[PDB]
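Q: These protein sequence lines map, in sequence, to chains S and Y. Under the numbering used here, the first residue of the first sequence is numbered 1, with each subsequent residue one higher. Under the numbering used here, the first residue of the second sequence is numbered 1001, with each subsequent residue one higher. The beta carbon of each residue, even a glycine, is placed where N, CA and C say it ideally should be. Quick one: structure below, then a few questions.
Protein chains: 2
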Amino acid sequence: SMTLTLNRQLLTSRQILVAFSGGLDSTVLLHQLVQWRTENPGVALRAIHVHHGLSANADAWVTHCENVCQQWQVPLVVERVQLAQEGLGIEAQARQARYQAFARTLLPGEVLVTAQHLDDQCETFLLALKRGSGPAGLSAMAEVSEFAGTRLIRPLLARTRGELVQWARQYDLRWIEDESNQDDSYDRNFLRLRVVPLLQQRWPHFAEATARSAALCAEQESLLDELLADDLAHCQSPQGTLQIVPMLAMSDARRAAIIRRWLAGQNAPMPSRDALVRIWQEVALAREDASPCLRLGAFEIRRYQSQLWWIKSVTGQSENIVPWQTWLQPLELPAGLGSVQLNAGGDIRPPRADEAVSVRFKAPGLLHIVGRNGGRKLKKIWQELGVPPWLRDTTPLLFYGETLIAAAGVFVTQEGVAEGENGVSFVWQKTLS
Amino acid sequence: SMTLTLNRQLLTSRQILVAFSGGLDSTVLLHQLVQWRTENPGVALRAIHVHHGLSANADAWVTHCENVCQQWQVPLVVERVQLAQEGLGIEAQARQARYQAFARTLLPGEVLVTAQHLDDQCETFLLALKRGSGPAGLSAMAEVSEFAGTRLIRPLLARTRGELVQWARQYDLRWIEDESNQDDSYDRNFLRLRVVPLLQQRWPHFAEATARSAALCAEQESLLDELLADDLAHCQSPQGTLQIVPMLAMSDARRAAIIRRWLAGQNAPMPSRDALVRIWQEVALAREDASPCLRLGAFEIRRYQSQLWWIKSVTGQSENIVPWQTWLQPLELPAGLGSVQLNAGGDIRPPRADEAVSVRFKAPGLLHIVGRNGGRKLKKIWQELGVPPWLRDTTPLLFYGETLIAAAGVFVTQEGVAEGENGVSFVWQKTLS
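Shown next as structure tokens:
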């Protein structure tokens, strides 16, 4: 039935790439896939062993993987990524390097498949538990998730190590397995060896019961997904923000479940239940006048126009002034804001080779712009044009000497309009995400 | 703050009864209550030690409890309930006897209070987990629940054993504590001593994280409570049944959450997620023609009139015939169906001292009843009158010789109508629930 199970989960896939450590689970997953390939002509399969850290057999494991793949006619990428600096041990440092390694060496349209099984579901659950997470975090792992643009499928997720042993053995597969005892100071190890077994003693199927609970938590979260759909549709704008007004009346749990689901949409890192609390109390209910902001890692959620925004944090630049001596060539902007350049053809007057061109993010005094008869301050103009506060000091400002010419993609001052009709275009380019 | 916490949870209470084993938690809870009484004049407090099983100090513990209560001026009920027959050990047999003991010795209007703390929340969670239960069952314990008509409050539910030790010690309270090592074959013991501690090693606050998860599961179930309210109102009749038709269109999770919440309303034992599945697939979607029935312990859920019913199972009696030689005196019915009697005054003709009166639950041939011009079979009459199938063979039928006179509270045959106007009343009495 593991083969039966395999094809159902892999129907929507043609190109697979399996994380292949010499181990049982990988060995059983891979043998099954090579078994699967022989049954579906035209199906391409690739394997990838990730050699990381200074293991005693780190080099031998690689060799073992090269023989098995070849004996089975399967290409094999072998990333040697290395990283460890006294910080977060194996159960963190490496896991990232590995998934990055998977990300790196993964073709487009190819589906990443891992050999994570029941015991891992139990371990994930426990770790979530020891973190005091709710139903969302206790749903542990999904049979199908999104990873590096594509999907990450986990077939053997429901299978027991017993089942895997019974298979790997029935087909006389040879596999490695260095328990690495002394890694007991790294959470996921301390479980499989000490806690979990201790549990399987009086409760032989403990790990099975846990997947059951995980599954039930998931069913409930999806029930809420259904139940909240409308609420979400209404409060979620097309832009990708969340309308505050429609929520002012809701209950704390309602709000949190929505904020939660909304943050998931931006494919954001799962928030802590208290984070969800702060977001509403300190941001949504905060005065827009006082620029509300909750830092959540590299990202930040804030309030603007009675809406909550999930955006990639970026450091201000109001005090910066980046000179453009060679404005004939693009100018690289600070804090990865991208490049900027003056192309022939546009409503902005070119600079004289005698004046000093520069890029800034601030501009004093009353300012006059095209399309408005008046003259207000930068901040007033920003507001009238709807430019969000986090962008009011991160938007390129063209300056010839001490004069403001334009604000990339937002406006052009009147003192900067093309005299004749020729003129140039101040163009702003941002790097890939 | 434990005192602060105490009064908030006990405001809606005047008469308390604390399950008092000599232990820390009880000792700390009780001392705090005697502390609480001194601060709220007119507040009555009672303690109850439950002596059960053949413990080495079973008798000494009692004595210790008698001294402490007296030293503190607190009445003390001491139930000696005993029960153990090789079946379900302490973590089952006794727990029932104890709560029964609590039930028995509890005054009306009095609130039962127990000294269950954080560690118990963790243990309850784990047990639920090892049972593979979902969010509803993983909410573990509530600060306030219903027990024997009244409420069961658990103040110290959030407090750590540490906190309790720090208190019992700060007020120099003396308490007992016989770990009873060899009870390790009884689930809740195997946890507190082996698993939990093993966990608190690498995770000192594991038990605290677990209450956090329990709490979050609860918040979500209440979120659903809110979200499903309307659905429940609509599908739940006034009688206390569940309308099937309005659910036919819903999704599996929706239905289950409703069936679940509905069963809770009848204050029924929490159902297994699969039970919820069977109920719908085997009962709701079953043909009423084929009398659908799912036995869930002493109770059973069934289908009648496009509705699901939660009712106290009762064995049929269609084959039974209980003679009434002394119809002048009440007749005790089988299978705790209650008693039955003929009172002077009613539309039924009395029996002659020459005919043989009896009670039955079946009746052959075409039958003629008052208020209908015709003559159909018992089963047809039952149907036309709306008598549920489980009651069609558990309803007393008056028989003089071989003639049907009446069906208690349902109908009177035409051959049994009072000749003149005097007549008697066939009255059916059922015992307390």
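Compute the Euclidean distance between the alpha carbons of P1238 of chain Y and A1257 of chain Y, then round it to the nearest angstrom.
A: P1238 of chain Y and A1257 of chain Y have their C-alpha atoms spaced approximately 19 Å apart.
Q: Hey, does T210 of chain S have any beta-carbon neighbour from chain Y nearer than 9 Å?
A: At a cut-off of 9 Å between beta carbons, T210 of chain S contacts chain Y.
Q: For the beta strand (DSSP E) holding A1101 of chain Y, just list the boundary residues, first then last.
A: Where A1101 of chain Y is concerned, there is no enclosing beta strand (DSSP E), although the alpha helix (DSSP H) it sits in stretches over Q1093 to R1104.
Q: Give me the DSSP bridge partner(s) of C1293 of chain Y.
A: Y:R1302
Q: Let me know the secondary structure DSSP gives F1020 of chain Y once reduced to three states.
A: Shown here, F1020 of chain Y sits in coil according to DSSP, grouped into three states, outside any helix or strand.
Q: Below 8 Å on the Cβ atoms is my guess for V1034 of chain Y versus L1045 of chain Y; work out the distance and round it to an integer in Å.
A: 7 Å
Q: In terms of alpha-carbon separation, which member of Y:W1072, Y:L1308 and Y:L1263 lies closest to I1244 of chain Y?
A: Y:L1308
Q: So for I1381 of chain Y, helix, strand or coil by DSSP?
A: helix
Q: Have a look at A214 of chain S and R1302 of chain Y and give me their C-alpha separation to the nearest angstrom.
A: 31 Å
Q: Let me see if you follow: with CB-CB separation under 9 Å, is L1129 of chain Y close to chain S or not?
A: yes
Q: Keeping to the same chain, check which residues put their C-beta closer than 8 Å to that of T403 of chain S; ignore five residues upstream and five downstream.
A: Only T413, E415 and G416 meet the Cβ criterion.
Q: Using a Cβ-Cβ cut-off of less than 8 Å, list which residues of the region 1250–1273 of chain Y approach chain S; keep chain order.
A: Listed in chain order, the positions of the region 1250–1273 of chain Y with a beta carbon within less than 8 Å of a beta carbon of chain S are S1251, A1253, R1254, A1257 and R1273.
Q: Alpha carbons only, please: which of S:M141, S:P350 and S:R392 is nearest the one belonging to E419 of chain S?
A: S:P350
Q: In its own chain, which residues sit with a C-beta less than 6 Å from the C-beta of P1155 of chain Y, not counting the 5 before and 5 after it?
A: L1006 and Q1009
Q: Give the residues of chain Y in contact with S180 of chain S, contact being defined as C-beta atoms less than 8 Å apart.
A: Here the premise fails: no neighbours, minimum Cβ distance about 17 Å.
Q: Check the Cβ of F361 of chain S against every Cβ in chain Y and list those closer than 8 Å, keeping chain order.
A: Residues of chain Y passing the Cβ test: none, with the nearest at roughly 43 Å.
Q: Rounding to the nearest angstrom, what Cα-Cα distance links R1188 of chain Y and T105 of chain S in this structure?
A: 49 Å
Q: Pull up the distance between the alpha-carbon of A229 of chain S and that of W1262 of chain Y, whole angstroms please.
A: 24 Å
Q: Is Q220 of chain S close to chain Y? Criterion is C-beta to C-beta, closer than 9 Å.
A: yes
Q: Quick check on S26 of chain S: does DSSP put it in helix, strand or coil?
A: helix
Q: Is the beta carbon of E1282 of chain Y closer than 9 Å to that of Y1304 of chain Y?
A: no
Q: Buried or exposed: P334 of chain S, going by 16 or more other Cβ atoms within 10 Å of its Cβ?
A: exposed
Q: Grouping DSSP H, G and I as helix and E and B as strand, with all else coil, what is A1047 of chain Y?
A: Strand, per DSSP.
Q: DSSP state of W1175 of chain Y, grouped into three classes?
A: coil
Q: Under 9 Å between beta-carbons, which chain S residues line up against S1133 of chain Y? List them in chain order, please.
A: Here the neighbours are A209, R212, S213 and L216.
Q: Thinking C-beta only, is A268 of chain S closer than 9 Å to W310 of chain S?
A: Judged by beta-carbon spacing, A268 of chain S lies within the 9 Å limit of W310 of chain S, meaning their Cβ atoms are closer than that value.
Q: Between the Cα of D1119 of chain Y and the Cα atoms of Y:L1224, Y:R1192 and Y:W1167, which residue gives the shortest distance?
A: Y:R1192
Q: Taking only beta-carbon atoms, is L232 of chain S less than 9 Å away from chain Y?
A: no
Q: With three or more beta-carbon pairs closer than 8 Å as the criterion, would you say the region 1338–1347 of chain Y touches the region 1371–1383 of chain Y?
A: no
Q: I need the straight-line Cα distance from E1091 of chain Y to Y1186 of chain Y, nearest angstrom please.
A: 6 Å
Q: Does any C-beta atom of chain S lie closer than 9 Å to the C-beta of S1339 of chain Y?
A: Under the 9 Å criterion on CB atoms, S1339 of chain Y is classed as non-interfacial with respect to chain S.
Q: Taking Cβ positions only, does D1119 of chain Y come closer than 9 Å to chain S?
A: no
Q: Going by Cα to Cα distance, which pick from S:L157, S:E66, S:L232 and S:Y171 is closest to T210 of chain S?
A: S:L157
Q: Strictly below 9 Å CB to CB, what residues from chain Y border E226 of chain S?
A: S1251, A1253 and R1254
Q: Output the distance between the C-alpha atoms of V18 of chain S and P75 of chain S, rounded to the nearest integer angstrom.
A: 11 Å
Q: How is the beta strand (DSSP E) around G162 of chain S delimited, first residue to last?
A: Unbroken run through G162 of chain S is the alpha helix (DSSP H), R161 to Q170; no beta strand (DSSP E).
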